$ cat coords.tsv   # TSV, C-alpha atoms
chain	number	residue	atom	x	y	z
A	1	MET	CA	-73.21	58.86	-43.26
A	2	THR	CA	-70.66	61.57	-42.49
A	3	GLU	CA	-71.60	64.79	-40.68
A	4	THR	CA	-71.53	67.90	-42.88
A	5	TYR	CA	-71.87	70.44	-40.03
A	6	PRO	CA	-69.45	71.23	-37.19
A	7	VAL	CA	-70.33	70.59	-33.56
A	8	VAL	CA	-72.31	73.46	-32.05
A	9	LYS	CA	-70.65	75.27	-29.14
A	10	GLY	CA	-71.70	73.52	-25.96
A	11	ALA	CA	-72.51	70.17	-27.63
A	12	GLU	CA	-69.00	68.72	-27.35
A	13	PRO	CA	-68.56	65.25	-25.83
A	14	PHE	CA	-66.67	65.00	-22.57
A	15	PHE	CA	-63.69	62.72	-21.85
A	16	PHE	CA	-62.71	63.30	-18.20
A	17	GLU	CA	-59.63	61.36	-17.05
A	18	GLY	CA	-60.01	60.06	-13.50
A	19	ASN	CA	-59.47	56.85	-11.55
A	20	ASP	CA	-59.87	53.15	-12.47
A	21	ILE	CA	-63.71	53.35	-12.32
A	22	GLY	CA	-65.53	54.63	-15.43
A	23	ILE	CA	-68.97	56.20	-15.88
A	24	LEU	CA	-70.52	56.23	-19.37
A	25	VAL	CA	-73.06	59.10	-19.59
A	26	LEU	CA	-75.52	58.99	-22.53
A	27	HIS	CA	-77.70	61.72	-24.05
A	28	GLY	CA	-80.97	61.31	-25.95
A	29	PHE	CA	-82.72	61.62	-29.32
A	30	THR	CA	-82.26	65.09	-30.96
A	31	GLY	CA	-80.26	66.03	-27.82
A	32	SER	CA	-76.55	66.39	-27.11
A	33	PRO	CA	-73.96	65.99	-24.31
A	34	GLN	CA	-74.97	69.47	-23.07
A	35	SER	CA	-77.93	67.93	-21.21
A	36	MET	CA	-75.54	65.46	-19.50
A	37	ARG	CA	-72.45	67.58	-18.83
A	38	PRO	CA	-73.49	68.79	-15.32
A	39	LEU	CA	-73.78	65.12	-14.29
A	40	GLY	CA	-70.43	64.26	-15.91
A	41	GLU	CA	-68.67	67.13	-14.14
A	42	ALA	CA	-70.10	66.05	-10.79
A	43	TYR	CA	-69.04	62.42	-11.31
A	44	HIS	CA	-65.54	63.46	-12.38
A	45	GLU	CA	-65.25	65.68	-9.27
A	46	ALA	CA	-65.93	62.54	-7.21
A	47	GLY	CA	-62.83	61.04	-8.88
A	48	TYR	CA	-64.31	58.85	-11.62
A	49	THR	CA	-63.21	58.61	-15.21
A	50	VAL	CA	-66.21	59.86	-17.22
A	51	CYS	CA	-67.14	59.55	-20.90
A	52	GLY	CA	-70.09	61.51	-22.30
A	53	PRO	CA	-70.12	60.65	-26.00
A	54	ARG	CA	-71.87	62.60	-28.75
A	55	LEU	CA	-74.30	60.43	-30.69
A	56	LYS	CA	-73.60	60.51	-34.42
A	57	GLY	CA	-75.58	63.24	-36.15
A	58	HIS	CA	-76.35	64.98	-32.83
A	59	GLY	CA	-75.02	68.36	-31.75
A	60	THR	CA	-74.40	69.43	-35.36
A	61	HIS	CA	-77.51	69.90	-37.53
A	62	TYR	CA	-80.81	68.06	-37.81
A	63	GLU	CA	-80.01	67.38	-41.47
A	64	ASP	CA	-77.06	65.32	-40.21
A	65	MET	CA	-79.31	63.48	-37.76
A	66	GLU	CA	-81.80	62.72	-40.54
A	67	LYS	CA	-79.12	60.58	-42.24
A	68	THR	CA	-78.14	58.51	-39.16
A	69	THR	CA	-79.27	55.05	-38.08
A	70	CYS	CA	-79.85	53.43	-34.73
A	71	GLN	CA	-76.69	51.37	-35.40
A	72	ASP	CA	-74.77	54.67	-35.74
A	73	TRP	CA	-76.00	55.68	-32.29
A	74	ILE	CA	-75.12	52.28	-30.83
A	75	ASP	CA	-71.66	52.67	-32.42
A	76	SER	CA	-71.13	56.06	-30.74
A	77	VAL	CA	-72.06	54.52	-27.39
A	78	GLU	CA	-69.86	51.43	-27.87
A	79	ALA	CA	-66.91	53.66	-28.83
A	80	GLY	CA	-67.29	55.62	-25.59
A	81	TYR	CA	-67.51	52.31	-23.71
A	82	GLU	CA	-64.28	51.11	-25.40
A	83	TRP	CA	-62.51	54.35	-24.44
A	84	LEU	CA	-63.46	53.69	-20.81
A	85	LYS	CA	-62.43	50.02	-21.01
A	86	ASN	CA	-58.98	51.12	-22.20
A	87	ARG	CA	-58.39	52.87	-18.86
A	88	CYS	CA	-60.92	51.46	-16.34
A	89	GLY	CA	-61.57	48.06	-14.82
A	90	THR	CA	-65.10	48.78	-13.51
A	91	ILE	CA	-67.75	50.52	-15.63
A	92	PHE	CA	-71.21	51.97	-14.89
A	93	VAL	CA	-73.65	53.42	-17.45
A	94	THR	CA	-76.26	56.16	-17.02
A	95	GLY	CA	-78.33	58.04	-19.58
A	96	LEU	CA	-81.36	60.23	-20.27
A	97	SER	CA	-84.37	59.20	-22.38
A	98	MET	CA	-83.01	57.39	-25.45
A	99	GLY	CA	-79.67	57.55	-23.63
A	100	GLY	CA	-81.46	55.57	-20.94
A	101	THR	CA	-82.66	53.19	-23.65
A	102	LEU	CA	-79.03	52.88	-24.72
A	103	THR	CA	-78.04	52.36	-21.08
A	104	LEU	CA	-80.36	49.36	-20.98
A	105	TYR	CA	-79.01	48.21	-24.35
A	106	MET	CA	-75.48	48.15	-22.94
A	107	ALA	CA	-76.51	46.16	-19.88
A	108	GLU	CA	-78.30	43.74	-22.21
A	109	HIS	CA	-75.16	43.13	-24.27
A	110	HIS	CA	-72.29	43.54	-21.78
A	111	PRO	CA	-72.49	41.39	-18.62
A	112	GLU	CA	-69.30	43.04	-17.35
A	113	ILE	CA	-71.12	46.32	-16.63
A	114	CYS	CA	-71.40	46.72	-12.86
A	115	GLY	CA	-74.53	48.88	-12.63
A	116	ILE	CA	-76.85	51.21	-14.53
A	117	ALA	CA	-78.83	54.39	-13.84
A	118	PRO	CA	-81.40	55.05	-16.59
A	119	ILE	CA	-83.26	58.37	-16.32
A	120	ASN	CA	-86.67	58.64	-18.02
A	121	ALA	CA	-85.63	55.75	-20.27
A	122	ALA	CA	-87.87	55.03	-23.28
A	123	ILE	CA	-89.23	51.66	-24.39
A	124	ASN	CA	-92.59	52.95	-25.76
A	125	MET	CA	-93.28	56.45	-27.12
A	126	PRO	CA	-96.83	56.43	-28.58
A	127	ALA	CA	-96.69	60.09	-29.62
A	128	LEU	CA	-93.37	59.65	-31.44
A	129	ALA	CA	-93.32	56.08	-32.80
A	130	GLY	CA	-97.06	56.35	-33.32
A	131	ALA	CA	-96.50	59.18	-35.80
A	132	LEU	CA	-95.63	56.44	-38.30
A	133	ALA	CA	-99.04	54.69	-37.91
A	134	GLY	CA	-101.19	57.13	-39.92
A	135	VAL	CA	-102.29	56.85	-43.52
A	136	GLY	CA	-100.68	59.24	-45.97
A	137	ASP	CA	-97.23	60.85	-46.06
A	138	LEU	CA	-96.04	62.66	-42.93
A	139	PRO	CA	-94.08	65.91	-43.30
A	140	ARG	CA	-90.30	65.72	-43.33
A	141	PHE	CA	-89.96	67.16	-39.79
A	142	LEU	CA	-92.06	67.23	-36.63
A	143	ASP	CA	-91.89	69.83	-33.86
A	144	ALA	CA	-88.92	69.79	-31.50
A	145	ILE	CA	-89.22	67.48	-28.48
A	146	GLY	CA	-86.50	69.19	-26.43
A	147	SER	CA	-86.59	71.40	-23.32
A	148	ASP	CA	-89.44	69.69	-21.46
A	149	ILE	CA	-88.18	71.26	-18.24
A	150	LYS	CA	-90.14	72.42	-15.19
A	151	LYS	CA	-87.58	74.95	-13.91
A	152	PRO	CA	-88.26	78.20	-15.80
A	153	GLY	CA	-85.68	79.71	-18.08
A	154	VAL	CA	-83.66	76.57	-18.94
A	155	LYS	CA	-83.10	75.73	-22.62
A	156	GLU	CA	-81.83	72.31	-23.63
A	157	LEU	CA	-79.24	72.28	-26.40
A	158	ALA	CA	-81.31	70.03	-28.69
A	159	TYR	CA	-82.54	70.33	-32.28
A	160	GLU	CA	-85.44	72.63	-33.19
A	161	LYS	CA	-86.92	69.99	-35.56
A	162	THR	CA	-87.43	66.23	-35.27
A	163	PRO	CA	-86.59	64.28	-38.47
A	164	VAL	CA	-89.38	61.85	-39.29
A	165	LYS	CA	-86.79	59.62	-40.98
A	166	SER	CA	-85.09	59.20	-37.55
A	167	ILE	CA	-88.32	58.05	-35.89
A	168	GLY	CA	-88.07	54.59	-37.46
A	169	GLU	CA	-84.55	54.34	-36.01
A	170	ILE	CA	-85.52	55.09	-32.42
A	171	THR	CA	-88.54	52.77	-32.84
A	172	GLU	CA	-86.26	49.91	-33.91
A	173	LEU	CA	-84.00	50.61	-30.93
A	174	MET	CA	-86.86	50.67	-28.41
A	175	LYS	CA	-88.38	47.44	-29.77
A	176	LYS	CA	-85.03	45.64	-29.49
A	177	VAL	CA	-84.22	46.87	-25.97
A	178	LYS	CA	-87.76	46.25	-24.69
A	179	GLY	CA	-87.60	42.70	-26.04
A	180	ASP	CA	-84.27	42.06	-24.30
A	181	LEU	CA	-85.03	43.56	-20.85
A	182	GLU	CA	-84.71	40.14	-19.15
A	183	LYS	CA	-80.96	40.24	-19.94
A	184	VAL	CA	-80.50	43.25	-17.64
A	185	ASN	CA	-78.56	41.77	-14.74
A	186	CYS	CA	-76.78	44.24	-12.83
A	187	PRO	CA	-77.73	46.62	-10.09
A	188	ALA	CA	-80.16	49.21	-11.42
A	189	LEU	CA	-81.12	52.66	-10.13
A	190	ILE	CA	-84.06	53.77	-12.30
A	191	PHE	CA	-85.00	57.47	-12.18
A	192	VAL	CA	-88.35	58.62	-13.52
A	193	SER	CA	-90.06	61.98	-13.50
A	194	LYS	CA	-93.49	62.04	-11.94
A	195	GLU	CA	-94.64	64.24	-14.81
A	196	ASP	CA	-92.89	63.70	-18.11
A	197	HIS	CA	-94.39	65.16	-21.29
A	198	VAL	CA	-92.07	63.25	-23.66
A	199	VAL	CA	-91.60	59.70	-22.35
A	200	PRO	CA	-94.60	58.20	-20.46
A	201	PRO	CA	-93.49	57.62	-16.85
A	202	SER	CA	-95.01	54.12	-16.98
A	203	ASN	CA	-92.00	53.18	-19.17
A	204	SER	CA	-89.77	53.19	-16.11
A	205	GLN	CA	-92.22	51.09	-14.11
A	206	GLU	CA	-92.30	48.51	-16.88
A	207	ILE	CA	-88.50	48.58	-17.06
A	208	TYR	CA	-88.30	48.08	-13.31
A	209	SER	CA	-90.65	45.09	-13.46
A	210	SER	CA	-89.08	43.41	-16.49
A	211	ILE	CA	-85.34	43.47	-15.72
A	212	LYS	CA	-83.84	40.59	-13.73
A	213	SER	CA	-81.50	42.60	-11.46
A	214	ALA	CA	-81.28	41.31	-7.90
A	215	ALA	CA	-80.72	44.91	-6.71
A	216	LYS	CA	-83.07	47.46	-8.27
A	217	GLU	CA	-84.71	50.72	-7.21
A	218	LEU	CA	-87.26	53.08	-8.75
A	219	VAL	CA	-86.82	56.73	-7.71
A	220	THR	CA	-89.55	59.21	-8.69
A	221	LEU	CA	-88.55	62.86	-9.21
A	222	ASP	CA	-91.35	65.15	-8.02
A	223	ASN	CA	-90.12	68.54	-9.31
A	224	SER	CA	-88.91	67.82	-12.86
A	225	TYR	CA	-90.26	67.10	-16.30
A	226	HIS	CA	-88.48	65.06	-18.98
A	227	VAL	CA	-85.03	66.66	-19.09
A	228	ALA	CA	-84.46	66.03	-15.41
A	229	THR	CA	-80.68	66.30	-15.73
A	230	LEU	CA	-81.13	70.06	-16.30
A	231	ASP	CA	-84.18	70.47	-14.05
A	232	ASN	CA	-85.01	71.08	-10.36
A	233	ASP	CA	-84.05	67.55	-9.32
A	234	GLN	CA	-80.59	67.50	-10.96
A	235	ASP	CA	-79.10	67.48	-7.46
A	236	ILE	CA	-81.07	64.39	-6.46
A	237	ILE	CA	-79.98	62.51	-9.59
A	238	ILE	CA	-76.32	63.34	-8.89
A	239	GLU	CA	-76.38	62.57	-5.16
A	240	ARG	CA	-78.34	59.33	-5.41
A	241	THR	CA	-76.24	58.09	-8.34
A	242	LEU	CA	-73.05	58.76	-6.37
A	243	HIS	CA	-74.42	56.89	-3.34
A	244	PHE	CA	-75.50	54.02	-5.61
A	245	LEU	CA	-72.08	53.82	-7.27
A	246	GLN	CA	-70.33	53.81	-3.90
A	247	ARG	CA	-72.67	51.16	-2.51
A	248	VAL	CA	-72.07	48.85	-5.49
A	249	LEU	CA	-68.30	49.40	-5.24
A	250	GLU	CA	-68.20	48.78	-1.45
A	251	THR	CA	-70.68	45.94	-1.26
$ encode --input "coords.tsv" --output "structure tokens"
Amino acid sequence: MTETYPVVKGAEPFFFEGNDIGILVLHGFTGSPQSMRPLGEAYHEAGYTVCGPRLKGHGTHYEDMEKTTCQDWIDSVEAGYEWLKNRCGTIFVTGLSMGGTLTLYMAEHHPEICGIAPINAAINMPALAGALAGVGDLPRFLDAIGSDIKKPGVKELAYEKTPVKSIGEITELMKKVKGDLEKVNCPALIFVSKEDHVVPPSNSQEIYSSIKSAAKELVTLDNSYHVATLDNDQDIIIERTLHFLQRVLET
């Protein structure tokens, strides 16, 4: 497909030029780089090169998203990874929700990646994927999934409708990544919200148990819902990721 609508103000990807170490920062389904930009800014301020790509069909219009495929989203991620590889020798990946799914995807396919930090990553979404299990035609769109945030007054820049056509795409992605979790190698810092109304927190426990990383941690966020990167525990995500990155680099 090709996008028909321009990028909404605030949904632009970020390409921050820094040192020889690159962080790939991935947003989720119906979302945009706006949910990830505070993290990207913090990581760039620590000196890193940072790429926060915009998934195809995201940050424009949900009619654009309706036309995209899970391979389109993989392609957006891989292109951000290639931009980093052009200027960095060491690369880490982090991402929220389906961006966390894509974080795991990258570790499953790229043994060169030095560590990952998935945040509320999704391998099973019974409310979303399960929408396809009923008899009889579903409507074209479901309700928005965005802005599951505990801190009052915070709005995620995400679409106001969920295209049912896109649900099969995220389902295919989750099946593939779940099936390949044993290929995840590398140091892993897995963040999960205690209460998450979008991605069941047990996802992250299963991810933790299924990957083969010799260095892995599960950190539970006690004051955030799903979009933790914009929520009360944003500071914990940033600080602990920076410590993790430094520890992998030093050790």
$ residues_around --input "coords.tsv" --residues "range 51-61 of chain A" --least-positions-apart "4" --cutoff "7 Å" --atoms "all atoms listed in the file" --output "ChimeraX atom specification"
/A:3,5-8,11-16,23-26,30-33,40,65,68,72-73,76-77,80,84
$ residues_around --input "coords.tsv" --residues "residue 221 in chain A" --least-positions-apart "4" --cutoff "7 Å" --atoms "all atoms listed in the file" --output "list in words"
residues 192, 193, 194 and 233 of chain A
$ residues_around --input "coords.tsv" --residues "residue 20 in chain A" --least-positions-apart "6" --cutoff "7 Å" --atoms "all atoms listed in the file" --output "CSV table (one decimal) with C-alpha atoms, in the coordinates of the input"
chain,number,residue,atom,x,y,z
A,49,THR,CA,-63.2,58.6,-15.2
A,87,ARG,CA,-58.4,52.9,-18.9
A,88,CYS,CA,-60.9,51.5,-16.3
A,89,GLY,CA,-61.6,48.1,-14.8
A,90,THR,CA,-65.1,48.8,-13.5
$ residues_around --input "coords.tsv" --residues "residue 244 in chain A" --least-positions-apart "4" --cutoff "9 Å" --atoms "only C-alpha atoms" --output "list in words"
residues 115, 117, 187, 188, 189, 239, 240, 248 and 249 of chain A
$ closest_residue --input "coords.tsv" --among "A:96, A:227, A:70, A:186" --to "residue 211 in chain A" --atoms "only C-alpha atoms"
A:186
$ closest_residue --input "coords.tsv" --among "A:179, A:118, A:136, A:153" --to "residue 208 in chain A" --atoms "only C-alpha atoms"
A:118
$ closest_residue --input "coords.tsv" --among "A:230, A:21, A:184, A:144" --to "residue 116 in chain A" --atoms "all atoms listed in the file"
A:184
$ residues_near_point --input "coords.tsv" --point "(-84.2, 49.8, -24.8)" --cutoff "8 Å" --atoms "only C-alpha atoms" --output "number ranges by chain"
A: 98, 100-105, 121-123, 173-181
$ atom_distance --input "coords.tsv" --atom1 "CA of residue 225 in chain A" --atom2 "CA of residue 42 in chain A"
20.9 Å
$ atom_distance --input "coords.tsv" --atom1 "CA of residue 202 in chain A" --atom2 "CA of residue 124 in chain A"
9.2 Å
$ closest_residue --input "coords.tsv" --among "A:185, A:69, A:166, A:224" --to "residue 109 in chain A" --atoms "only C-alpha atoms"
A:185
$ atom_distance --input "coords.tsv" --atom1 "CA of residue 182 in chain A" --atom2 "CA of residue 213 in chain A"
8.7 Å
$ closest_residue --input "coords.tsv" --among "A:128, A:135, A:219, A:158" --to "residue 9 in chain A" --atoms "all atoms listed in the file"
A:158
$ closest_residue --input "coords.tsv" --among "A:149, A:237, A:107, A:199" --to "residue 38 in chain A" --atoms "only C-alpha atoms"
A:237
$ residues_around --input "coords.tsv" --residues "range 130-134 of chain A" --least-positions-apart "5" --cutoff "9 Å" --atoms "all atoms listed in the file" --output "PDB file with C-alpha atoms, in the frame of the given file"
ATOM      1  CA  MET A 125     -93.280  56.450 -27.120  1.00  0.00           C
ATOM      2  CA  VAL A 164     -89.380  61.850 -39.290  1.00  0.00           C
ATOM      3  CA  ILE A 167     -88.320  58.050 -35.890  1.00  0.00           C
ATOM      4  CA  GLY A 168     -88.070  54.590 -37.460  1.00  0.00           C
TER       5      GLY A 168
END
